[PDB]
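In structure tokens, one chain follows: the form deposited in one PDB entry.
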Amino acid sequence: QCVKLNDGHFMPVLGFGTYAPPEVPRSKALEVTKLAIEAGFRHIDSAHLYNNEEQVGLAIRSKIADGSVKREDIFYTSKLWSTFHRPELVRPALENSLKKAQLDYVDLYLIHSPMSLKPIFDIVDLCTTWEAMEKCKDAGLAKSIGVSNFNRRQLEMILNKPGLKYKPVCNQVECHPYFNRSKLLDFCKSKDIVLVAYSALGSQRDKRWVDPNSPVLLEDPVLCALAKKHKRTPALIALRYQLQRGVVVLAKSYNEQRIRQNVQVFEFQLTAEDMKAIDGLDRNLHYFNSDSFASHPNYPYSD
């Protein structure tokens, strides 16, 4: 199913994560994005950063061409990279992502991160970036626009902007049972802004930003015990948890069995006691924990 965004467009509540590290050949993105769509995924999450938009776009066009889905059945997201926050660069960055994917529009375009980088850190008024995003929705390049990696204060700056035309429809952020973002989720609900969870399965644990000593979410004993009770898997429990909280959840998998497994999130439900047990795992733990973000003036977790 779908959630109605605050601009009247609809977003599928389970999305397919397409990021893979650079050691995975670029051709894999094409193959697994096809498999995801075959499995039942209708929301596909990509970004300029991922260096896969040509493959992801080809998978979508491929599944349109062979007749499995129509373009309006697919919800495709791309994201403005942090070297393109200066307002005059926004629309050209978007049109480029479009030309790569060979699509006429994205369903959603996000500001990937509030941490501006030189076109080295940069200082940009993200309110001007936002105006440029608004112009992209007006031109029909993006059906909806939103943000990613914004904390409550950063999100407030946009919402409070003089002559704001469109609220962000969502804030895509790190979110899972060890970092459940409860307070930010309540703030977003109060504003009819959807929270979209990434690393909802505990991240890819890439050594470039994640400490390998960090706990492994999918071996959590409470998650294992609920998977046993429901006869599902720890990943399924972690995804269902977000859906029942009114959180749109992404799931990356480049594995054919796990891709098909993940759409089973719709086939069962958790009780209030289950949800409380998961809620009790929260431990303020963000897996991405790197000097490369932490020292930025607009680091979202400076809290």
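Only residues modelled in both forms are compared. All residue numbers refer to positions in the sequence shown, first residue = 1. Superpose the two forms; the largest set of C-alphas matching within 1.5 Å is the rigid core.
- In the deposited entry, the stretch joining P119 to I120 is interrupted by 10 or more residues of the deposited sequence lacking coordinates.
- With 140 to 148 and 126 to 134 compared on mean CA B-factor from the PDB entry, the stretch scoring higher is 126 to 134.
- According to the PDB record, 101 to 109 carries the higher mean C-alpha B-factor of the two stretches 173 to 181 and 101 to 109.
- Within the group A272, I64, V249, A235, the record's highest C-alpha temperature factor is found at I64.
- Remark: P25 belongs to the highest third of its chain, ranked by C-alpha B-factor as recorded.
- Placement of the Cα temperature factor of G163 within the chain: highest third of the modelled residues, per the deposited record.
- Split the chain's modelled residues into thirds by C-alpha temperature factor. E53 is in the middle one.
- For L239, the recorded CA temperature factor ranks within the lowest third of the chain's modelled residues.
- Per-chain ranking of the deposited C-alpha B factor places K228 in the middle third.
Beyond what is shown, the protein has a form deposited in another entry; the following relates to that form.
- With the core held fixed, the Cα of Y19 is displaced between the shown form and the other one by less than 2 Å.
- Relative to the superposed rigid core, the position of the CA of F293 differs between the shown form and the other one by 2 Å or more.
- In the other entry, the separation between the C-alpha atoms of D291 and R152 shrinks by 3 Å or more relative to the displayed form.
- Listed in sequence order, the runs of at least 3 residues with C-alpha movement of 2 Å or more between the shown form and the other one, after fitting the core, amount to a single one: 290 to 297.
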